[PDB]
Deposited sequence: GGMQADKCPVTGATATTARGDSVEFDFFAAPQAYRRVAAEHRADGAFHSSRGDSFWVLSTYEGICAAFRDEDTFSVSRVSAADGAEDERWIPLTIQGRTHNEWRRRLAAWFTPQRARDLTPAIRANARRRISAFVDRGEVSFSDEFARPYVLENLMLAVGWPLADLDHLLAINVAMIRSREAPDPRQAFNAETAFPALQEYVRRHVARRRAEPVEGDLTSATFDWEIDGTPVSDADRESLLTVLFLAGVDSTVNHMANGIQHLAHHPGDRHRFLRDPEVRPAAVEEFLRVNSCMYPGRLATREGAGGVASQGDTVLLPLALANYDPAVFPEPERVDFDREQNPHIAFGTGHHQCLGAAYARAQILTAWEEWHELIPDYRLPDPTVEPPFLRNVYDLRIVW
């Protein structure tokens, strides 16, 4: 019968296959769970989940970066979302058209507005001594900033906020008093986007992103309404929650760790580096890719789904020594909280400006604050949560 199946017949070379059984791993898990499962099961840079359709999970910084940077091997095809699912020359064309609206210089141009927004909002609840940080401050703050950058009329903020919240709460028990719910939130967004395209088509506006797309060409022809609506939908879906939840996880840490709060308070020059360290620490996205050939990443088969969890890349101890430590003075922080390769976040400079500015204005008006029940170990904030801060 068989012997030494470990060894290639005839030549006898030892198989270099990744060493592990599949696990029944749920991709909808928290970063701490990704890291625990990875620690127990990763073999040669990956582990495999048999759950559902099944998928590979890469587990090293080097491997995850390499996959992000090799679109031919790790495809973004899924279903058409501009620009997330576009590749190659056409994707670069979309990014070229979009670039001017999201440059570092434009983020700086918008920072006085962002700052006025934060200061206005925080000043309005400083007398209360408490706030639900994300529901009442961070989410409408971030959405207001997004609407300013993309050109959605600010009179529509309450509407778009209600859609956003209905999406976040889509797995909660239904609330029959709500005008938007799990089933209607996305169609409501699509209808809003269609109305917005019609508004700007009837009356184009200088410096308005939607109005500019009417003159855009891609692949040598005018942009279609379908692609225009897709793009606007993606900007809404992409441009709020990750920023909000990075803001909330960072402020929750400072509320619980007086030494780090005092550093942030007394040392303005460290604040940009602190934002980058929190971006590393609180990363939780797991972008997926489709393996286009056998042996992708050395483990995947053609047609396999491969996840690239930032919670693993940004905690790789070969790159980030003592990775669980929040260290504002961390000497080497090449984190990929915004991804890497061609699809690297369009909004990274804007998100950085929003987070830093909000925390700056927060500490000007609320220098000292805490969590209300300090007998609870503060959880990682994601999905539906309520971050109460008191002062």
| item | value |
| --- | --- |
| Deposited residues without C-alpha coordinates, grouped into stretches that follow sequence order | 79 to 87 |
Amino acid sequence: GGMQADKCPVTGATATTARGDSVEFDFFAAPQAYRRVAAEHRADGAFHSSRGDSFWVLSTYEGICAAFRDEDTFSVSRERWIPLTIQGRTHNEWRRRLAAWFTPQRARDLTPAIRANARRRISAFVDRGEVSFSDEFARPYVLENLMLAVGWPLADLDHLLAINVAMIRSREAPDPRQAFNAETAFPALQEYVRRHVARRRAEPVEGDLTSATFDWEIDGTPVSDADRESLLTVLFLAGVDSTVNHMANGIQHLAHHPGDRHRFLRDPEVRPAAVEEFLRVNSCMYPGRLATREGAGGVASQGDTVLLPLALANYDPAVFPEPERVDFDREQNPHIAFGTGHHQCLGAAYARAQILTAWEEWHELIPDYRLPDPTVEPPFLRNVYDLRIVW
From here on, numbers count along this sequence of modelled residues.
property	result
Per the entry, higher mean C-alpha B factor between 222 to 230 and 167 to 175	167 to 175
Per the entry, higher mean C-alpha B factor between 337 to 345 and 36 to 44	36 to 44
Criterion, highest CA B-factor; candidates, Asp156, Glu144, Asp215, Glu93	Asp215
Residue, from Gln252, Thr103, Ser132, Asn314, that the PDB entry assigns the highest Cα B-factor	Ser132
Within-chain third of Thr210 by Cα B-factor, per the entry	middle
Where the record places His363 (Cα B-factor, split into thirds across the chain)	middle
Record-listed C-alpha B factor of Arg69: chain third	middle
Chain third (lowest, middle, highest) by recorded CA B-factor, residue given as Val319	middle
Among modelled residues of the same chain, the CA temperature factor third for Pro309	lowest
